Chemist: 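Structure below; questions to follow.
A note on names: the letters A, B, ... follow the listed sequences, proteins ahead of strands, and every chain is numbered from 1. First listed ligand is number 1; within each ligand, the first listed atom is number 1. Hydrogens, waters and symmetry mates are skipped; everything else that's a heavy atom, side chains included, is used.
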Amino acid sequence: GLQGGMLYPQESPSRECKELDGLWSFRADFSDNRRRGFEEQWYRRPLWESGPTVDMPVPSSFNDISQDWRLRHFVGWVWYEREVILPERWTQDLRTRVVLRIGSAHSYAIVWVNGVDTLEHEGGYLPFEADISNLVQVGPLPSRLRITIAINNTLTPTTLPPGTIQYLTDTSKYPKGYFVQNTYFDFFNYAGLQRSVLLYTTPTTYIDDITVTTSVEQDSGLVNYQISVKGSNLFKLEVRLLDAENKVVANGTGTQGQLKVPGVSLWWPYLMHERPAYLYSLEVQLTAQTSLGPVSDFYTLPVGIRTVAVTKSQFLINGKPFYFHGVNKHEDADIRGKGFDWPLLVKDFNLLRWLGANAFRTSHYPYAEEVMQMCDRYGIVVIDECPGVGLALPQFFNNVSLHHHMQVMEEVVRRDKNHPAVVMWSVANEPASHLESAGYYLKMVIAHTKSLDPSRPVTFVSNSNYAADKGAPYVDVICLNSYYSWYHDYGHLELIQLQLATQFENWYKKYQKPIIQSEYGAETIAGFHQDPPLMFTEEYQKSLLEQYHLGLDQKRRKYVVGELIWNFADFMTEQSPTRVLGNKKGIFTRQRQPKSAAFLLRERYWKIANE
Amino acid sequence: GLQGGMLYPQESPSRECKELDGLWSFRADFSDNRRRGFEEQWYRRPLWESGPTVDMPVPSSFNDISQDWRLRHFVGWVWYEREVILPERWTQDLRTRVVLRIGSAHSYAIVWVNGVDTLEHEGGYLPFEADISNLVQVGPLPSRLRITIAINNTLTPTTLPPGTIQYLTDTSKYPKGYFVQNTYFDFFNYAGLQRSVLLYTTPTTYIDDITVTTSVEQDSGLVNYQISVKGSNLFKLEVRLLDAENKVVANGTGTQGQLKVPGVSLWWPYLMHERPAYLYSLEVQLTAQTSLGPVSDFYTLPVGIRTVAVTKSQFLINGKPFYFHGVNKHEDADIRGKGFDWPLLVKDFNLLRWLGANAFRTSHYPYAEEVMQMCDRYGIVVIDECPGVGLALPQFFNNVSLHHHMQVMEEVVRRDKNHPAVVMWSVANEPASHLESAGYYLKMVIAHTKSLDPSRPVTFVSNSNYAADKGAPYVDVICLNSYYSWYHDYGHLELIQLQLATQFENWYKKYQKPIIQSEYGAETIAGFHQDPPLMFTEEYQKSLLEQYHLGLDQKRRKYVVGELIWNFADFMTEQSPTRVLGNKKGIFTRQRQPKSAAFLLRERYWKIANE
Amino acid sequence: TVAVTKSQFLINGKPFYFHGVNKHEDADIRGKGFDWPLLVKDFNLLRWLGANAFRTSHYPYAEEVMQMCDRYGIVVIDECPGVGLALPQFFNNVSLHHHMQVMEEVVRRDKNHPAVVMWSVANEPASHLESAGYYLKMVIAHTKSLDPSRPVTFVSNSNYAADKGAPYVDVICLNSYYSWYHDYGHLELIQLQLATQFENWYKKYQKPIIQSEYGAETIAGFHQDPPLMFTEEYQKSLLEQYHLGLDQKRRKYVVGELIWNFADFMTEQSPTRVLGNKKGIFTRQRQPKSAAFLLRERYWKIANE
Ligand SMILES: *[C@@H]1O[C@H](CO)[C@@H](O[C@@H]2O[C@H](CO)[C@@H](O[C@@H]3O[C@H](CO[C@H]4O[C@H](CO[C@H]5O[C@H](CO)[C@@H](O)[C@H](O)[C@@H]5O[C@H]5O[C@H](CO)[C@@H](O)[C@H](O)[C@@H]5O)[C@@H](O)[C@H](O[C@H]5O[C@H](CO)[C@@H](O)[C@H](O)[C@@H]5O)[C@@H]4O)[C@@H](O)[C@H](O[C@H]4O[C@H](CO)[C@@H](O)[C@H](O)[C@@H]4O[C@H]4O[C@H](CO)[C@@H](O)[C@H](O)[C@@H]4O)[C@@H]3O)[C@H](O)[C@H]2NC(C)=O)[C@H](O)[C@H]1NC(C)=O
Ligand SMILES: *[C@@H]1O[C@H](CO)[C@@H](O[C@@H]2O[C@H](CO)[C@@H](O[C@@H]3O[C@H](CO[C@H]4O[C@H](CO[C@H]5O[C@H](CO)[C@@H](O)[C@H](O)[C@@H]5O[C@H]5O[C@H](CO)[C@@H](O)[C@H](O)[C@@H]5O)[C@@H](O)[C@H](O[C@H]5O[C@H](CO)[C@@H](O)[C@H](O)[C@@H]5O)[C@@H]4O)[C@@H](O)[C@H](O[C@H]4O[C@H](CO)[C@@H](O)[C@H](O)[C@@H]4O[C@H]4O[C@H](CO)[C@@H](O)[C@H](O)[C@@H]4O)[C@@H]3O)[C@H](O)[C@H]2NC(C)=O)[C@H](O)[C@H]1NC(C)=O
């Protein structure tokens with residue numbers, strides 16, 4: 001675990017304000033260099049004063065909310081700013097700890113709050129917190145916090161997702177300063193503040209970081225806890241566990257211990273128990289004798305008790321077989337890009353249950369916070385990925401890159417190691433794992449996640465030829481991508497069934513382990529129908545899907561333990577001849593309306609769920 | 001002005017919390033009667049305990065976020081609930097005034113907060129506030145506010161929008177308890193909490209209600225103010241006015257006065273000044289000797305100085321001619337229904353400027369709060385309507401209804417009488433104004449708005465035959481709806497030009513006043529093209545639009561002072577053979593993508609704006 | 001042999017059952033135009049659906065009749081024009097006599113085709129009139145004084161007990177559009193409003209029925225859960241309820257069903273009409289819609305019992 005701690009801001013005796021939503025002053029900086037953004041030090045004086053500002057909502061990518069194409073396709077530094085009114089009690093009580101938090105930035109964020117640079121963060125789709133209390137009480141008066149944040153370009157060889165810039169000196173074509181951003185992943189690299197931006201508070205001695213690990217021992221389960229405090233010297237920690245509402249069912253005492261909750265009541269996925277995702281709540285209460293007396297702090301952490309093992313043929317949750325029949329989603333939708341949205345979150349979770357998908361994959365990057373949604377009665381199992389996307393070029397597998405991927409895997413695991421929904425990790429999606437250097441890098445990143453977190457298996461999804469895949473000897477469960485009929489053998493659904501059964505036989509015969517069909521599908525646009533299936537047509541999709549399902553059924557109850565149709569929905573991708581206004585490969589439209597294939601998938605998922 | 005006061009919660013020395021966003025427990029109540037919602041008194045014990053609850057986001061209509069058709073088309077009582085954590089200072093300082101506010105409910109809302117029924121409100125698309133401080137400090141301890149709200153059906157003969165229920169006792173057709181909601185307006189009656197839900201605080205003696213009226217007197221303008229306080233006895237009011245940033249440019253002192261700000265700097269609409277919507281800020285500071293000493297309160301109200309007159313031929317803003325070339329919008333979008341959304345607000349305001357529309361009409365009902373958006377540099381003039389929609393049946397014009405419309409017009413005017421953007425009121429849209437009773441009712445409602453607010457003209461838009469329209473002698477400016485080629489003379493764009501010029505001549509020749517083409521357009525779906533224009537086709541729309549513009553150009557610089565193409569975008573309507581998945585009459589799709597007609601409109605709007 | 005009971009349509013003595021469609025002579029560019037490419041394509045989709053029947057919607061076609069007889073075996077309902085008989089104006093003797101003439105031309109053109117199992121004198125005319133009940137009286141009569149080899153009928157969209165022409169036909173043709181046209185979007189209402197409509201008509205006319213028209217208008221790329229309007233899904237929900245209903249009367253006394261159109265076709269202009277009628281299960285350009293698939297599972301199913 002990296003030097004710090006992370007728990008999600010959820011008020012109780014010590015609350016949270018939130019500009020996590022709202023309008024914001026904004027500005028893009030360009031014409032040539034990194035530009036004046038820093039050569040004029042815009043940070044030391046209200047953006048408006050610097051030059052022509054604009055409005056920006058949060059959470060929301062700035063890409064689509066405007067009418068200007070150069071902002072849509074910008075690469076460089078981008079600014080924000082907001083003027084908060086600090087409560088009086090905020091700035092005059094010394095027991096309160098006021099922390100600024102961001103749910104996510106881009107490849108680089110610089111926050112200028114506390115009369116200066118207060119925070120910086122590198123890449124990731126993850127959050128970062130600053131300050132302890134210090135709100136520049138030293139010479140101020142009217143508590144008005146001025147926040148400024150600067151953010152960066154699409155990608156680089158050392159970040160994740162990986163990219164590559166490249167200038168093109170007027171070779172008869174391309175203007176003077178023309179440069180381009182080359183990327184190797186299937187999605188548009190949206191930017192801007194797309195998640196939570198909320199100021200919050202705790203006492204000075206706060207429950208910095210808990211952590212629970214669970215299991216099952218006949219007479220019920222038993223939550224094992226770890227806690228971390230920050231400060232004082234003198235304090236006391238006593239934890240208690242309440243069931244469905246608040247029936248106190250257990251109590252421990254220390255900054256380390258156990259909790260054997262009898263009666264039992266595990267966290268089952270939408271799949272099996274009639275009463276699935278069962279959440280018990282852990283109440284961490286700490287009383288510390290600080291400077292100005294013994295202050296207290298509480299947190300309460302939803303604890304879901306469940307076990308996740310694996311064999312050479314079958315995946316097992318709560319010690320019983322579990323077949324994955326879910327989907328791969330994404331954070332995308334008209335206007336807002338990847339910005340967080342409560343209604344689109346709710347619709348999407350009603351559709352998942354509507355379909356009968358009891359699981360999904362954090363498609364190429366960690367998600368908002370809704371991993372708690374997976375926890376709630378919902379019971380939607382999750383395969384958590386980190387941005388190891390376009391790891392195709394051999395250069396992207398250099399040692400700094402490897403050190404970086406080990407950093408990001410500590411953050412991703414920090415943030416989601418508490419969710420009973422997450423049952424597996426993914427360190428990468430379709431890397432050049434056939435390459436020799438990459439197999440090393442993979443064993444590295446992977447063996448590293450096995451440490452830090454020994455509770456659930458690790459893996460990386462691949463489109464690599466068996467026998468040609470170098471990383472595969474190190475994954476605990478096989479994840480395969482194959483688009484037979486698509487990408488190759490254009491229009492040949494008569495081949496799918498054949499080419500499939502083999503890929504599985506070859507994979508298991510070599511690597512003795514559970515395979516998951518982590519990706520399959522055809523690019524379909526609505527309103528296109530052709531009797532003989534043909535191209536980007538609704539029936540074709542029903543045909544490939546139908547045929548793929550045909551191959552999964554032969555080995556499903558053997559060593560194939562999962563199924564993830566490609567996309568839940570259509571999303572935006574970078575502009576290419578093969579991409580028609582994005583990746584039209586989803587069973588639901590971008591506006592969550594179903595396609596003919598959806599109904600079909602819904603039938604299978606429910607049939608299986610009933611077996 | 002009705003017994004109360006309303007100002008928008010905007011923190012300063014006395015802040016605001018906000019669950020205005022978030023997830024919420026929810027439940028619809030039905031199977032027959034008003035049902036058990038009250039016969040079991042669900043309000044006196046956590047919804048979960050009552051029965052099977054569900055999640056609901058706010059702001060968002062509950063109509064579309066689910067997969068169940070009976071929730072989509074429900075009529076009756078609907079519940080919500082949330083458990084807030086009250087700050088300690090919240091509940092232990094007696095100087096703080098903690099008010100619960102809702103941005104809007106439906107035809108009926110019942111809020112159960114303060115250990116009981118704390119608030120109720122009838123219809124409208126407007127807000128309501130409760131409590132003063134009383135947070136049940138009397139016998140509580142851990143400040144956890146439990147809020148409950150119940151909401152009602154689609155419509156009735158006395159509400160606004162007007163409706164009619166009707167049972168149909170199994171006449172061979174229709175099941176046992178089958179009843180239907182008959183309505184007479186062109187939109188889907190979405191429900192649920194669709195706007196702000198935010199708890200806030202002030203001291204006990206607070207600036208309850210200000211109000212400014214402005215003008216121009218050669219050497220600059222002069223803001224005239226009114227203030228209202230609530231409580232104490234002893235206090236002092238001194239106001240000051242700062243320009244573009246904070247150059248103090250004026251100061252007054254009292255709870256009534258003037259403010260003659262020299263140098264001048266009026267609020268111009270996107271239309272004319274290169275520096276348009278200029279907002280000065282008014283700082284209301286009040287110090288009152290209460291119980292526990294002289295507490296203070298501040299508000300700061302954006303004041304935009306501008307004058308709006310009218311003649312028998314031309315409309316005049318800032319004393320110069322002003323031609324309306326805007327649009328009619330709506331609150332609607334995939335998933336969220338009519339829920340508030342910051343990114344969709346920003347996109348929509350970029351498109352308005354993109355088009356060149358310097359004005360819009362609050363299409364059949366008051367909008368969220370974004371009337372401040374109209375104020376901001378944007379400078380987007382606004383014609384504010386109240387829900388006088390399906391006033392078609394003669395029954396809907398009964399005396400209680402008339403009293404009601406006078407109530408709602410006090411609220412609508414309370415809430416928006418401060419916006420320098422609003423330049424006109426509309427008390428109704430297409431009423432049966434030919435009917436005799438309705439003309440009386442209209443003169444009533446109208447003469448009533450002229451009182452309360454004598455700053456800007458009043459009107460109601462009509463599709464009534466001149467000579468047949470009874471209310472028309474009472475409007476200050478004529479608003480006409482006509483869909484020549486559409487609705488009649490199906491496909492005859494060769495007639496538009498003819499039928500138009502006449503409607504105008506007949507209207508002005510009788511009624512000597514400025515006409516505004518408040519509505520025109522053709523139902524167009526994207527991807528449909530036909531050389532000879534034809535039906536629901538993009539070219540046809542370019543043709544009718546093109547032809548309508550042809551008729552407006554003849555009288556535009558005479559007595560026709562405005563233009564409002566029908567819809568900015570496509571929206572959802574109740575299901576009918578004439579409505580294809582809603583009102584497809586907009587120049588932009590539901591997802592804000594432009595149609596071929598948009599480009600055309602954009603050209604005209606900009607051409608005119610340049611004249 | 002083409003017989004007819006009080007409860008069934010007999011073909012060579014073995015009880016029959018129409019499970020086809022209602023078509024039209026409408027194509028892109030060529031409109032009413034005729035050609036073998038579309039002609040053949042159509043018969044291909046026809047055998048495809050399992051449609052073993054089809055009515056010549058509102059007029060006598062071109063040489064498809066040669067085709068139905070031809071190596072196919074698609075039992076047609078030969079239909080004379082006489083469809084817009086809305087106004088009582090259209091009820092004078094002059095025109096009664098005019099209609100009278102065409103039934104000669106039409107039988108004089110199709111007498112021999114084995115395909116044409118039955119004549120249909122008109123479609124959705126103002127049958128609720130006593131004068132119309134007499135106009136239709138004369139022609140139903142005359143038609144059988146021209147061809148006593150097969151039944152006669154006229155497509156009705158009136159309520160039972162107001163149909164003046166109902167007492168003369170030999171098989172009733174009912175045009176219901178529940179959920180559509182009325183009680184907009186109410187799928188849950190269909191199954192019943194339809195039972196009742198087959199309960200009634202029979203309790204009085206005692207003849208065998210044919211659901212000659214049904215469906216919903218649909219724009220191809222449209223999709224929506226909670227079915228909704230001109231949506232592919234809605235059609236799947238409507239069609240389904242109609243099928244769940246007819247199934248109750250099948251084997252009983254209903255002897256056929258005819259999903260409105262085979263494909264979309266142009267119409268005159270109206271805010272109710274998108275770019276002609278859209279109620280078709282194949283696009284104007286002959287491609288399937290989702291339901292085109294749901295109908296054919298019905299057809300082969302039925303044809304297999
Ligand atoms: C926030 O956003 C920032 C903006 O995106 C971002 O900065 C950018 O980072 C990327 C990341 O790599 C940089 O991209 C690389 O650029 C290298 C070239 O760098 C040098 O040249 C730059 C451009 O300079 C010209 O243009 C400027 C803009 O007008 C002018 O100011 C200059 O005067 C100069 O003028 C020319 O350009 C115009 C016309 O084209 C016009 O001005 C004039 O007529 C003239 O033609 C410089 O800006 C840059 O400056 C930095 O470094 C120098 C010292 O090194 C300092 O003096 C500066 O202060 C500054 O620190 C450089 O001088 C490319 O080499 C590089 O390509 C190689 O690597 C990529 C992978 O990224 C490969 O795909 C590619 O094939 C190349 O491969 C090379 O390496 C391989 C091994 O991997 C090797 O085998 C092979 O041989 C090969 O050499 C890539 O394009 C980009 O330059 C930065 N932009 C800017 C504006 O600085 C910043 O990082 C972001 N912040 C964060 C934290 O993310
Ligand atoms: C929150 O949501 C609530 C739910 O929507 C909402 O309440 C509803 O308000 C509407 C508003 O009008 C009401 O609609 C009117 O209903 C009148 C009939 O009312 C009476 O009958 C109701 C139904 O009762 C049957 O059904 C119940 C449900 O199953 C059973 O419990 C009953 O036992 C009864 O059974 C029958 O129904 C079933 C089968 O159909 C089945 O149960 C059984 O087999 C049997 O067949 C009663 O609920 C209602 O009760 C109220 O009033 C009585 C006393 O009067 C009390 O005892 C009750 O406690 C309760 O307070 C009534 O008994 C209609 O008359 C009315 O139609 C007329 O008006 C409309 C305009 O609205 C016209 O369009 C229409 O043409 C009619 O016109 C009439 O007036 C004109 C003048 O304008 C006149 O010229 C003409 O002659 C004509 O008479 C309309 O349909 C609806 O009933 C309420 N629903 C419920 C469930 O109560 C509530 O208001 C919302 N809250 C707020 C604040 O908005």
Chemist: Angle class for the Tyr365(A)/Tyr125(A) ring planes (parallel below 30°, perpendicular above 60°, tilted otherwise)?
Modeler: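 Ring orientation, 0 to 90° scale: tilted.
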
Chemist: For the pair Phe128(A) and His121(A), name the ring-plane relationship: parallel under 30°, tilted 30 to 60°, perpendicular over 60°.
Modeler: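 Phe128(A) and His121(A): parallel rings.
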
Chemist: Assess whether atom OH of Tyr440(B) is packed by more than 12 heavy atoms of other residues, nucleotides or ligands within 6.0 Å.
Modeler: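 No, the 6.0 Å shell around OH holds no more than 12 heavy atoms from other groups.
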
Chemist: Keeping the roles fixed (side chain from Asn152(B), backbone from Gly76(B)), state whether a donor-acceptor pair exists under 3.5 Å.
Modeler: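 Indeed, once roles are kept as given, a pair shorter than 3.5 Å links the two residues.
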
Chemist: Check the pair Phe30(B) / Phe179(B) against ring pair (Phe, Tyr, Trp, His ring centres under 6.0 Å), numbers first and verdict last.
Modeler: CA-CA 13 Å; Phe30(B) 231 60; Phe179(B) 69 104; 5.8 Å; yes

Chemist: Quick one: are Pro127(B) and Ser104(B) in side-chain contact, heavy atoms under 4.5 Å?
Modeler: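 Of all side-chain heavy-atom pairs linking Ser104(B) with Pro127(B), none is under 4.5 Å.
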
Chemist: Write out each pair where an N or O from ligand 1 and one from the protein are under 3.5 Å apart, with the distance.
Modeler:
unit_1: ligand 1; atom_1: 2 (O); unit_2: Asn152(A); atom_2: ND2; d: 2.3
unit_1: ligand 1; atom_1: 5 (O); unit_2: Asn153(A); atom_2: OD1; d: 3.4
unit_1: ligand 1; atom_1: 40 (O); unit_2: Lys176(A); atom_2: O; d: 3.0
unit_1: ligand 1; atom_1: 59 (O); unit_2: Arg34(A); atom_2: NH2; d: 3.4
unit_1: ligand 1; atom_1: 74 (O); unit_2: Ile165(A); atom_2: O; d: 3.3
unit_1: ligand 1; atom_1: 76 (O); unit_2: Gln166(A); atom_2: OE1; d: 3.2
unit_1: ligand 1; atom_1: 95 (N); unit_2: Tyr167(A); atom_2: OH; d: 3.4
unit_1: ligand 1; atom_1: 102 (N); unit_2: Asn152(A); atom_2: OD1; d: 2.6
unit_1: ligand 1; atom_1: 102 (N); unit_2: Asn152(A); atom_2: ND2; d: 3.2
unit_1: ligand 1; atom_1: 105 (O); unit_2: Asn152(A); atom_2: OD1; d: 3.4

